[PDB]
Each structure stands twice: as structure tokens, then as C-alpha cells.
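The structure appears right after this line, and notes come after that.
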2 protein chains.
Amino acid sequence: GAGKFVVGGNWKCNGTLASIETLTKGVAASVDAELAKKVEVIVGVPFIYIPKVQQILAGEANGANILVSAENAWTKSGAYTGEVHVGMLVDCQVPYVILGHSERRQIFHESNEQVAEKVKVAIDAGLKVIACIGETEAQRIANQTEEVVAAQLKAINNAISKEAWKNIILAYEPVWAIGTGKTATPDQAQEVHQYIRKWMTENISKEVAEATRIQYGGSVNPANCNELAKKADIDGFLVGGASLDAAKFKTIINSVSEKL
Amino acid sequence: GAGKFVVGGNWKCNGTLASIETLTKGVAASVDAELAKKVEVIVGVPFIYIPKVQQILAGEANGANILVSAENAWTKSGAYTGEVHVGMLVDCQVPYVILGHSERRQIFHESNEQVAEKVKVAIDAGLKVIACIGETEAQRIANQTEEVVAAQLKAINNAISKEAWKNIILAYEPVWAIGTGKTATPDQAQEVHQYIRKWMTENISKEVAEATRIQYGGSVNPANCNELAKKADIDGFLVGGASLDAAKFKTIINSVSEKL
């Protein structure tokens, strides 16, 4: 893609005030002004720790180079005990939100349409979004990779305007490579990213397709980030476990070099 | 109940930094030392606003009289994007957590067993819990109130030790009468509260049954709180909409005048 390389660190349900202070300081320290010009860096933080991370970044020399993202959001205010609304994120000056992550689609049964509604409400409120898509092991075995991803994308596109895509980062999760014993190769990852690019080109426009960053959201570590970054349609990463270690995350952020 | 009157204000999915600052200050202002001796006051806050509420309370004269509770919590750390686990609440010094609220049991399909699991890990971590139970309209007309409530309670008891019950406050939600058009009378509420007490007495012990506070968690407001507070087994309230108004909330807190 033609978009600026973007690396997000999804901390998932991990962290303590102490570990997060060390991590946040390490992440900010790794992205100075010069590097920030070539890579957008985002950290996905558990709701309760967002204020702490914001506080830490405020005191860091490179704090402005690290953007805070929530890991989910709800779209209805009122009688929904336990949920954090999109509006609360905006109220708290959180610029990003990760939506439709495979863990929420599977464990919390978020459907294509429910994810699309979240994306729609989030963007309408001004949030930028990392929208997660991807097929399961069963779906890939059934050779439904393209059909499944297309359906996920269509649900999202049907809900928003062409202009709304300007805030969207897509993250491809090869769910079929998650605890299955099957690892996605750069070639396999690129094959799906290429088709996502094609889907956007066919249904929206070539311009939107090329402008939209498609992050690879499979297993990313310091040992495979460069090989993956070499792929034409991988415009960044949504890192899992490795994002909890500032040193590992640093190596991944720097793999943007493969694009220069 | 022989337990201390306890009033929880479940803010659910509502609030902004501005509205919460005004509300928190109003709630704290409404509970001085003398009233605090009669009523334990808890506020259920959206995850992202917990730090703010904590900060506000620390700066108010009566701040120590108001306890902060989360509105939900996940079982543990790990690959659960969007979730906040019990350990994070303890790490942030949050003393309470509301679990099994009807909105989560119905909307997010939390089963009796799943809720029980959460209660168990919450208490293991050191949290105090407001565990919600209650039957639907379909279950009530089918005359299954006792069996349904018994099953919800059994799931919880099966997962924890006798001593773990010290940390538990039960909240009965007459789901069949919350915004349905049906009004739960004080007599109807007392009847279910009595049976909850009876269930604990036969399934655990009379000591635990009497020590465990049973809050009424149906629709509570300034107009109906006193008649409910007069009931022998209504040891407090878990207030919904009315908790977003300091004046209405303190009116409800003061219904403890029916106890003394």
C-alpha cells in the first residue's frame, strides 16, 4: 500500500500499573521524532489503564509519537452494565479503537454486522479504527478465505460512507494460524492482503484501497517482522505478545526499513 | 438482614468526565461521617473513569465514605482483547466489582457458571463482590422463581468456600419487573429476598445467611425506596438510573431511616 507504515501493539488483557509504566516509557523512548516521520505507532490499552498511559506519555519526550487505542468499544448508552461507550473514549481524548478482534468475535460472539455497527458509530464519533478481519481454520479448510473476508468487509462497508474509510486501518488476523498448528507464511499472508486490497478496489475505489493500511495481525515477533514487512501489501502490524516487551516491539517498529 | 445497610449506585454505561465530576462530588457531599456509620455507599463506575473518580474522591472531605466498584471483570489475564480482569482492579485499588448483572447475563450471555467463575476469581484476588441474581418474566409466570434463583446461587456456592461468602453482597434483580410494565411490590420483593435467605440457610449455614446482605436491585427511586427499605430482608439497594442523580441517590441512601 501507499499508506504510512503503522504498527499497533495490542496489549490485550495484560498489565499492571508498574509493568505498564515500564512498557510505556520503553515504547516512547523507542520512537523519536526522526523515526516517527516514517512509522505510526499505536498501543492498545486495557480501559482502566488508559488514563495511566496517557499520564506517562504526557511526561515523555517522545510521548506525542505514541497514540493510545482502546481495545474495544460499545455503541449504546444506558442500560449496559460493564460496557465502555465510544463517546467515553472520545471524551477521554483517546484517538483510536481496535474493533472486531478475533478474540471478541469468537469469545464474545461479535458478528460481522455487530462489528460493522461498532465501526460505524466509532468513526461517526471521530475515532480512528483498527478493524480486524480474518478467517478461521474451518473456513480456510473449506476454501472460504476470500468469501469470509469479503463478507466481513462488506458488512463494514455497507455501514459507512466512502469518506469514513479515511479513518480505518484494516488488520488481517489469520485465525486459522492461531493455536491450530498451522503457521501463516509471508506468501500466504501476502495472498490474503492482496485480496483485501482487491476487494476495496472493486467495491470502493483504487484510491481508497491504496490509501488504506492493511496491517498483518498474525503472529509477529522480532525474528519474522522483516520478512513480513517485505511483502507489498503488508502495511504494518498489529502485534500481540511481543508488544508487551518494549525491546521486541522496537525491533518490529523498525522493520519499516524494508519499505524504504 | 443483620448486615449493614448498603446502597450501590450502578452508573452502567453513562457519563462524561464533566458529568462524573459533578456527580462524584455530589455523592461524596451527601454522605458525612454520621450517615456513613449507617450506610455503606458504593458507586459502580465505567472502567475508563475509575481513575478519575478515585482522584475526585481523594480530594473531597467525605471521599473516604464512598467506595468504588467496577461494573464487571474478566476472569484472568491473557488473550482477551477488550477485557479488564480482576487482577487489574486490585492493582488499581478498586475494592468492589459488580458481577452477573442481568444486562450482562442477557446481552453478553454470561451463564450461571460463568458468573460463578468470575465471583470465585474476584474473591481469590481480594475483591468484594456484588453478585446479581434474578428471574425473567417467562420464568416467573412459569412459577420457577425459586428454582431459577436457587440455580444461580448454587453455581456461585459450588465455586467458592464458605469463608469466601464474607466478601459477597447479593443483589436481587426482578428482571420480570424492570422496565417491563410490571411493578414489583415491596411484598413481592421481600418474598424473594426471604427465599434467598432461606436458600443460604439450608445450603450454607444460618450464620452466613444472616451475615450476607441482600440488596434489592429492581427499579429503585425516591418514590418507592422507603416502602422497600421497610422490608426485613431488604438490606440495601443496587440503584440503576436514579444513581446518576446525586439528589435522588442520597434520597435513597437516607431511606435507611426505615432500619436504624
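Below, chain A is the first sequence line, B the second, and so on; all start at residue 1.
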Quiz prompt | Short side-chain to backbone donor-acceptor contact, B:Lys248 and B:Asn221, under 3.5 Å | solution = no
Quiz prompt | A:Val86 side chain reached by A:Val97 side chain, heavy atoms, under 4.5 Å | solution = no
Self-check item: B:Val7: which of B:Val220, B:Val239, B:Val256, B:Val31 passes side chain to side chain contact (heavy atoms under 4.5 Å, CB included)
Solution: B:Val239
Exercise. Validate the cation-pi geometry between B:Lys162 and B:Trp165: distance from NZ or CZ to the six-membered ring centre under 6.0 Å, angle to the ring axis within 45°.
Key: no
Practice problem: Would you mind reporting whether B:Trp199 and B:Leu170 have side-chain heavy atoms less than 4.5 Å apart? | Solution: no
Quiz item: Thinking salt bridges, do B:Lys230 and B:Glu227 make one under a 4.0 Å N-O criterion?
Solution: yes
Quiz prompt | Results of side chain to side chain donor-acceptor pair (under 3.5 Å) for A:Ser77 - residues two or more places apart only | solution = A:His85
Quiz item: Distance-only, no hydrogens or angles: does the A:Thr180 side chain make a donor-acceptor pair with backbone N or O of A:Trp176 under 3.5 Å?
Solution: yes
Quiz item: Do you know the tightest heavy-atom contact between A:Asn72 and A:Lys118?
Solution: OD1-NZ, 2.8 Å
Self-check item: Sub-4.5 Å side-chain heavy-atom contact between B:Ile133 and B:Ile196
Solution: yes
Mind listing the side-chain donor-acceptor pairs of residues 148-156 of chain B below 3.5 Å, one per line with the distance, residues two or more places apart or on another chain?
| residue | atom | partner | partner atom | Å |
| --- | --- | --- | --- | --- |
| B:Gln152 | OE1 | B:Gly134 | N | 2.8 |
| B:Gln152 | NE2 | B:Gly134 | O | 3.2 |

Quiz item: Charged N to carboxylate O under 4.0 angstrom, B:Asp235 versus B:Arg197?
Solution: yes
Quiz item: Judged by atom type as modelled, is there a donor-acceptor pair below 3.5 Å linking the side chain of B:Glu103 to the main-chain atoms of A:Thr81?
Solution: yes
Quiz item: Can you check whether B:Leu244 reaches B:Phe249 side chain to side chain, under 4.5 Å on heavy atoms?
Solution: no
Quiz item: Between B:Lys206 and B:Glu210, does at least one N-O distance fall below 4.0 Å, as a salt bridge requires?
Solution: no
Exercise. Starting at CH2 of A:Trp11, measure out to CD1 of A:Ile98 and round the result to the nearest 0.5 Å.
Key: 11.0 Å
Quiz prompt | Basic-acidic side-chain contact under 4.0 Å: A:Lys182, A:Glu137 | solution = no
Exercise. Identify the heavy atoms of B:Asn167 and B:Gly126 that sit nearest to each other, and give their distance.
Key: OD1-O, 4.3 Å
Quiz item: Between the side chain of A:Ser19 and the main-chain N/O of A:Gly15, is any donor-acceptor distance below 3.5 Å?
Solution: no
Exercise. State, yes or no, whether a side-chain contact exists between B:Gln106 and B:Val175 at a heavy-atom distance under 4.5 Å.
Key: yes
Quiz item: Side chains of A:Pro46 and B:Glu83: closer than 4.5 Å at any heavy-atom pair?
Solution: no
Quiz item: Would B:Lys4 and B:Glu40 pass as an ion pair if we require N to O under 4.0 Å?
Solution: no
Quiz prompt | side-chain hydrogen bond (donor to acceptor under 3.5 Å, both in side chains) contacts touching residues 41-70 of chain B (sequence neighbours left out) | solution = A:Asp91-B:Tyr49, B:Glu21-B:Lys52
Practice problem: Answer yes or no: is there a side-chain heavy-atom contact under 4.5 Å between B:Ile56 and B:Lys25? | Solution: yes
Quiz item: Where is the tightest heavy-atom contact between A:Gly240 and A:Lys12, given as atom of each residue plus distance?
Solution: CA-CE, 4.4 Å
Practice problem: Kindly determine whether B:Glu258 and B:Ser255 satisfy side-chain hydrogen bond (donor to acceptor under 3.5 Å, both in side chains), including the steps that lead there. | Solution: CA-CA 6 Å; B:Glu258 301 305 331; B:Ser255 66; over 6 Å; no
Practice problem: Taking the side chain as every heavy atom from C-beta outward, state whether B:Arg140 and B:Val192 have any pair of such atoms under 4.5 Å apart. | Solution: yes
Quiz item: Can you tell me if A:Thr75 and A:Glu117 form a side-chain donor-acceptor pair at under 3.5 Å?
Solution: no
Quiz prompt | B:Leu228 to B:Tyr216 - nearest heavy-atom pair and separation | solution = CD1-CE2, 3.6 Å
Quiz prompt | Donor-acceptor pair, side chain of B:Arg105 and main chain of B:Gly100, under 3.5 angstrom | solution = yes
Exercise. Locate the shortest heavy-atom distance separating A:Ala122 from A:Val129; write the atom from each residue and the value.
Key: CB-CG2, 3.8 Å
Practice problem: For the pair B:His193 and B:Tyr172, name the ring-plane relationship: parallel under 30°, tilted 30 to 60°, perpendicular over 60°. | Solution: perpendicular
Quiz item: What are the two closest heavy atoms between B:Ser30 and B:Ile253, and how far apart are they?
Solution: OG-CD1, 4.3 Å
